[PDB]
Structure formats: structure tokens, C-alpha cells
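Asks: this one's sequence-less:
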RNA sequence: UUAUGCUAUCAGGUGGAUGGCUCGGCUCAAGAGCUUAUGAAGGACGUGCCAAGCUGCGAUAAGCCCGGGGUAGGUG
RNA sequence: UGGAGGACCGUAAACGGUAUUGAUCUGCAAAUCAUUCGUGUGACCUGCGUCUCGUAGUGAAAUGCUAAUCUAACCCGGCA
RNA sequence: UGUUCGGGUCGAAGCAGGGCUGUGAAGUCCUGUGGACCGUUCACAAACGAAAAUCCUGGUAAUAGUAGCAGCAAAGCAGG
RNA sequence: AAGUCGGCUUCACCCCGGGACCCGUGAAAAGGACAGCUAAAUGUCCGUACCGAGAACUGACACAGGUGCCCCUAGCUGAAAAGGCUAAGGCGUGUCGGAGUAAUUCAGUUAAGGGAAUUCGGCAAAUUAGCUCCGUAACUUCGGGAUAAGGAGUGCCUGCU
RNA sequence: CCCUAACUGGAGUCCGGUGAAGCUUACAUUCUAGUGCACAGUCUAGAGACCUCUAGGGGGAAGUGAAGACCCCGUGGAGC
RNA sequence: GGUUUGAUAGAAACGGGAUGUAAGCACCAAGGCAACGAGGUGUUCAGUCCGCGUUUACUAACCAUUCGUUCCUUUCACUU
């Protein structure tokens, strides 16, 4: 079952280097890579919650937040579930 | 919705039913010697000289 | 699911709405995919698997508030005016309303007997010539020069 | 407007229709004549010696 | 010269049997009057109306609406459709 | 095992020359030589169980009838 | 008051094609695109139909246009 | 082509490579491949010999995994 | 499931009438009306799908051109069918990714002080800009020049004429 | 413009997929001078030069595009 | 350059900065009979933010691979 249940603050300042209209789906990739590296899993096993995607796309494709706070759970199968956190 | 007469529509129908592949049984009968066809075409190309 | 595109197009046709107004249940995907005919689509619609999403209109409350203020006479100043004076109030319309008011006033006066024909003719031509700004001006002139046959 | 591809977009009609007599799409819709076989001009078939070379 | 070639048996054409209509491939030379008279001679049923269209196969299709109830079913059974 | 390369040969791919074959073409000679309103030639459309082209045929539609030759296969 | 004018401004309605001597220049395009511009109730623009053509037509006239061809089009023939 | 004399399924023509001869045009032979035609004497003919024509037709390189797949127009992301 | 009512406005559509202009004085013919009512029968033939265009046409192309256009187009702002933001409807349809993603380049934003010294030339870019009010020269064919020039105001709220 | 700087989006740069065309007798890592049809990477004598790859602007290849539209000639044309 | 024998990067907090006093609440507000009311004051140098630093192993610098052997072999300095 659940292996770890950790909360993270993912910084998205490197997302700003990308051309502005690409920033939202650059930040999605940054979130997925952050979770891959910190949970020690594969890219295809990191599942991002609708809350996370909503927050990343709240202000349009050009103005994602400079950071996002998430709660990530790692299971024995290797799958990771990440949700938005207050 | 251009308006054709009976003969024009008949000739378009003939062109449409000509635009078909050679039958597989015809290919078998000719031993893969008649596989091609001069009246094959596509609708979005050089138009028919029929209408 | 395979393509539900055929089912979505048929459902939009059956509902009389746009293609994106049609909402297909993302859980009843195989139930939708089993639906082939108009009757099947109607059954899905009646059982709620397929529905037309509500039209998202354009709200008008913040325009109603502005319209109320404009009726009161605010939010309509020189810094808000952008068309010419004449495009905002046509001069023929102004003249038509003014002259019709004056003519109706003269007609009512001659009907009720305050104005005999001799002075009515001159007053009517004066009004047609623009001597009077409005019915109030006409009445003020009448009361000033005692044209009404008071009794 | 250019005499080339721009003006070539106005080509949504015809000057010649299919000929009853010869089947060629050569029947002038204005002169009511086939420029291939001569139908609508002559009871004979339209032929000239200059359609081939002088045979020598 | 019979105008009727043969009864036309597709899904939509078979849908006519439940409304007593019958669809035929007919000679494109012939008209509605000839089709009606020839069908009435062929099967002994009074024809109520004829609808006709031309297809992109170069064929002419005629839907015949009969006056006697069950005439379409009886003609289909006589032909061998049903 | 010195890569990237160069030269020659060999094996293979591509390609379709060469050779051989050919029911086609060309030229010459000898014959034969008109046809259509009793609707010609030509064209359009249709016509095959599966048939799209050509060819033949014309709603009797790759065909129908009669006489002769041919005779056991035929369905271009 | 009235509402005239080959009147005025103005639409990426329509028509035209000034300047950038910009983009493009084996192009999106055998001449187009962006911005900037001229006309925009009239000698206006435009559909469809119809007519006028090769020593001829058409031309508010540049030898412009007459099917990407014009100081005499194109096809075939004279022609090897 | 006429004519003389031949070769070939125990492997002709052609093709790739090689040996020998001849100043040479070229001839002959060997190996492999190929599967049915080919030479030779004396003569006679010609649609008879190609490295070139911005030659023609066909095939195929370098360029080169290069340019392009960028103004259209904010073009996609999450989950299933 | 309700399904009942009122009011305002109304183009760019329908009816009707008036006026002005001539300088093109602005079609013809079929058909219809003026005497028809009732009842049966008949009304054949051709087209009809779909695109009608930044992918169904045309330009050799799934071509940024061109091709009849509509006597087609909702809310706010606004003179407006301009421009902006939104409905309905149609779409994400025509290569991706990417670590500063260097230099360079196409198209843009901004730029101290100077302000055409640049250049053949103010080319390009910048300035001004709507509406209201005041005011408006030389010259003139008396029409104009004219939005000349040059000045002032403009938002929101409360209450009003 | 003095006199340029920073920034935005699209290209470019790097990666995956797709995938052309144009110059080409050959060879080719050149530079200087001379010579030569008097404007040479190839001749002559010197001087240099280890090879391969990537990016970059275009000095040269009298670069490519094209049987010079200027001039003359042709007992060649056309129009006027 | 660092890689647990660690402050390399990030999180958290704080320092140092940017902006200009957040939302809600209360009082006032020209006036309006009232409903309301642009805005002012206090809460509040607040609120929001930091592609800088410090402290701090809290997560990630883990797990490994590869060359330094010509490869197969016993043409061996070796081991089943």
C-alpha cells in the first residue's frame, strides 16, 4: 500500500525561462520531474491531481505560480499520487 | 448544388462507377497481369471532362 | 471506448444543440458506445447518460445598473460622449417632437375655446417659424400677452 | 489584380460544353458550334487538310 | 417492355414493408404512369402513389404506396422476398 | 582495430543495359473496291453471377433464330 | 426649417495599389503578405447573361489588354 | 544476304574478371555465371563503329539527413 | 417542468404616403383580376446526398491568392456592422521537444542628455488623435480655405433641472 | 543619428520525426611572387600546412542563376 | 565545482530588499424620508512578492556503469 505521504513545495522559477505562452505545460513537466526525482520513481508512474492541474492553469498559459505546494503519496507498486495542498 | 440534367447526372454516375479497382478475382484470373486500370482517379484532382 | 464521435454528433442532432453542448457520461462510456440509433440516443438522453449542457449566457446585471444610472442622468458626461452631437440627438427628430408638441397644444387650445381662429393662425405660423422653444414657452407667451379668451 | 493565379480563380464556368455529335467537350455555348466536329455549323464532319501534313 | 426490373432489397427498402410501401429498381426510360400501370398488371394490386428518384449508379428507384393493406407483403411473398 | 579516407577487386542491393525470343510495325507486289432515310459512319448511355477497362452487343443487350461445314467440348 | 453635391471623414463592406524601395524572393503566391495609404451616392463597385478578335477587336491612349503569350494572340499546315 | 565448312544442353549468345597474340582497330582462350542458339571461306550490302552537340530518353549521385515543416492566431495541459 | 402576464424599443424586414432631381425618364411578355359554385379524376419529366471554401471550387497542392454573395448575424462599450471583451455555433487542423533557447535574424516594447547633427531626401519611427465649448488668418472663382491656426473641459459618486 | 543597451514573441542554435532542390571534367590543406590569351588552389621557385567535426559572417573560387537587353556585324527579322 | 567524512541545489524560517498601506470589520461620508453612498480614517510601514544571503541534512547529490585488458584463445604467465 502507501509507502510515503510527504508534502513538498515545488519551485517553478526555472519555468519562467521558457517562452511565456509555454509556461503552463513547462510547469507541468517541471512538477512531474520534481516528483520523479524526489519520490524516486518513473515519469509514467507520477499521476498529477486535477487540483494540481487546475492550479497550474488558473491564470492562463503564461502566468503559472512561482511555486506550488503538493502532497505526494508513494505506493508499493511505485505509483505516485500528487494532489494540491493548502 | 449545381443543377444537372438527366444525361449529365447519368454520365457522372458512369464516371463514379468507373472509378473502382479491378476485381481481385480478375487479378487471380489474369495471374497478377491485369492489376492496373486507366480510369482510376480521385475526386480532388484534374476534374472530369464529362459534364 | 472507441470513437464516440458518431454518438456525440447524433446526440447533438437529436438535442438540437451544438456539438460541444452535448455532455457524455465519462463513466457510461461503453453504454454510450453501444448506442447506434436515434432511439438509442433518445434512451440515453432520457436516462441521463447523454444531456445538453446549460448555455452559459452573458450576464447583464452590471449593465442594468449602468442603465439605471444613465436613466437617472449619470455616467453620461462629456468624457463619456464619443459620437457627434447630432449622431447622439438627430436634429430632425428634435424639430419633429418640438413642432408636434406645439401643434398639439394649439389644437387643444382651439378645441377648448381659449383661442379663436384669427390669432390661432398667427400662433400656428409663429410656431412653424420657431418663435417658441416649447409648450412651456408658448404658454408663457400666451399668458403674458393675454391671447387666451379667458372667462 | 494579377493576370496569373489571382485572376485564375474566376474560372467557375465554361465556354465549351460536351458535343452530342462527337462527344468532345468542344461545343461553343455562345456560337452554338462544335469546334471539333462542326456540329451546329455544318451537316458534314469538320475536317481540314491542314490537320495532317502534306503527304510527301 | 416492363419498367420493373426487380424489387430493391436493402435495409431502407425493407423498412417500407412495415408501412406497406415497396421499392423497385425500374427502367430509367419509363415514367410514373408506366411504372404504375406495369406494376398493376404484374401483381394485380391497385397502386395508390409512385415516388421516383434517380441514383448515382445511373439507376431509377421507385417507391410504390399501395391502396390495399398487406399488398406490399403479399407481393413480397409472391416474389420471394418474405 | 589509424578514425574520417583513397585506389583495385570481390559479395550483395538498386537499376534495367546487353544477349536470346517475339501474336507487332514498316515497305513493296497481286487482288478487291463503295455505303446511308429499309436511318449509315461516329458518339453517349446501358448490357456479364461475382465485371472496373477494352471488345462485342442493344432493355431479346460478351447476346436470339434458320441452313451448311465441324464434333466434343464451350462460357472473348 | 430644408436636405442638394461626380461635397467631407471613415471601416481588413467593396474597389484600388502610394511608401516601407519591409517580409518573401528554389515563396503561402510563375507577384503574395504585413503596416501605411487613395475612392467609398457615383464618370461608383459588382454577379449572371449577352455581344465586339487577329493587319482584327478593345483601349479616359500605356503600344495597355485580347486565357501566366501582344510593336500583330494561339493551334495546325506551308516546314525537314 | 548468297555460298563453303562447322560449333552447341557433355552448355550457344551475353555478362564480370583474367591469360596469350597483334603496332593497332581487334581476335582468341581460361574461370565463374548463364540456359539456346552461334560462327566460318570467298564475295556482296547497310537504318554499320561515339567521349563531347547548355545533345535526347531512362536510371542514379554529391549537395544531405541539409533547407523547409516559424507571419496564420494565445496552438495546449491533467485524468481515464 | 412550468407553460401565465405586462411594458419599452425596433433595425438592416413588410405596408402605406409625401417631397426633390433629370442628367441616364428608369424593360418586355407570359400570367392574373373583372362570374363563378359543387362533385370525382388527373398533375408527367429533370434536380434534390454533401462542400460552398485558411482541406470538398479554381490557381499543378489539404496553395496566406481569387471565386455569388446574403435583400444573414446576439450582449456590453461606443456614432457604429470600427476596435476590445463575451454568447450561440464552429474549432485547438496539420511537426514536436528543449537544457539562456550563443551569435545573428523577422516582427515588437522601452530608453538618460541632445533633438535631423543621420540621410540624396525626416525614408522609417515618433508626435497629434474621440466628443463638447471658445476661437479661427492670408487669399478667394464668394462656394471656400476650415477640423485652418490657437486655447479650455472631460473620470467616479450624491441630489436634481 | 551622437551610441548603443535591455527586454518580448517567432526563427536560428541543441534533440526526436519527416525530408527536397540549385553550381559539379578531375584533383584539391593553402599563401606570396613570377610566368602564361597580359586577372593561377593545380604551371615555375619559394613559404606554409597533422587529420576530422561543429558554429559563424561572406574575403576568394574572375561563385551560382542566363547562348549580354550596351556596342558592332548579318546583303537575319518586325513594327512605324 | 560538490557528492553524506556533504551546505551543491531545493524546501522551511529569519536577515536584506521591491511595492505602497491588502481583504474583512468598525466609524465617518456630499447627500438621500429611506435603500444606498464615490471616498476618508483606524485595524495597517499593512498585504503580496523576491530568478539574493544566513541558519538548517528536512527531501534530492542514491544506485551504479565504463576505461586504465587488442578479443577469442591455452598464438597462455595463467586455474577446473
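Replies: That came in fine, so what should we check first? Numbers count the residues shown, from 1 in each chain, chains lettered A, B, ... in the order given.
Asks: hey, where'd the strands end up in chain D?
Replies: D:16-18, D:25-28, D:33-34 (DSSP state E).
Asks: could you pull out the strands for chain C?
Replies: For chain C, strands defined by DSSP E occupy the ranges C:22-24, C:50-52.
Asks: Contact residues of chain B facing chain D?
Replies: Residues of chain B lying near chain D by CB under 8 Å from any CB of the partner chain: B:11, B:49, B:50, B:51. (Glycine included, C-beta is placed from N, CA and C.)
Asks: what's near enough to touch the most centrally placed residue in chain D?
Replies: Residue closest to the average C-alpha location in chain D (CA atoms, centre = their mean): residue D:26, at 3.2 Å. Listed by CB atoms under 8 Å, 6 or more residues apart in numbering or on different chains, the contact partners of residue D:26 are D:16, D:19, D:34, D:35, D:36, D:37.
Asks: Save the strands of chain D as a markdown table, and put in distance to RNA strand F too.
Replies: Compiled in a markdown table, the strands of chain D are given as follows (distance: least, CB to the nearest atom of the strand, whole Å):
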| stretch | distance to RNA strand F |
| --- | --- |
| strand D:16-18 | 8 |
| strand D:25-28 | 11 |
| strand D:33-34 | 11 |
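Asks: related to what we said a few turns ago, quick check: of the residues of chain B next to chain D, which lies closest to chain D?
Replies: Checking those against chain D with CB to the nearest CB, the nearest one is residue B:49 at 5.2 Å.
Asks: packing partners for the longest helix that chain B contains?
Replies: Of all segments of type helix in chain B, defined using DSSP state H, the longest is helix B:6-18. Applying 3 or more CB pairs under 8 Å, 6 or more residues apart in numbering or on different chains; DSSP states H and E, one finds that helix B:6-18 contacts strand E:47-54.
Asks: got the residue ranges for the helices in chain C?
Replies: Along chain C, counting by DSSP H, helices occupy C:5-15, C:29-33, C:38-46, C:61-72, C:91-112, C:117-128, C:135-145.
Asks: Of these, which is nearest residue E:75?
Replies: Nearest of these to residue E:75, taken as CB to CB: helix C:38-46 at 28.6 Å.
Asks: and the closest residue to the residue nearest to the centre of chain D other than its chain neighbours, what does it touch?
Replies: Among residues not flanking residue D:26 along the chain, residue D:36 sits closest, at 3.8 Å (CB to CB, 6 or more residues apart in numbering or on different chains). Shown in contact with residue D:36 (CB under 8 Å, 6+ apart): D:19, D:22, D:24, D:26, D:46.
Asks: hmm, back to that, so which of the residues of chain B next to chain D belong to strands?
Replies: Among the residues of chain B next to chain D, the subset assigned to strands under DSSP E is empty.
Asks: Could you dump the helices of chain C into a markdown table with mean neighbour count added?
Replies: Shown next, in a markdown table, are the helices of chain C (neighbours: other CB atoms under 10 Å in any protein chain shown):
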| stretch | mean neighbour count |
| --- | --- |
| helix C:5-15 | 17 |
| helix C:29-33 | 15 |
| helix C:38-46 | 16 |
| helix C:61-72 | 10 |
| helix C:91-112 | 13 |
| helix C:117-128 | 14 |
| helix C:135-145 | 14 |
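Asks: Take those and lay them out in TSV including distance to residue E:38.
Replies: TSV is the format used below for the helices of chain C (distance: least, CB to CB, whole Å):
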stretch	distance to residue E:38
helix C:5-15	39
helix C:29-33	47
helix C:38-46	36
helix C:61-72	70
helix C:91-112	73
helix C:117-128	83
helix C:135-145	85
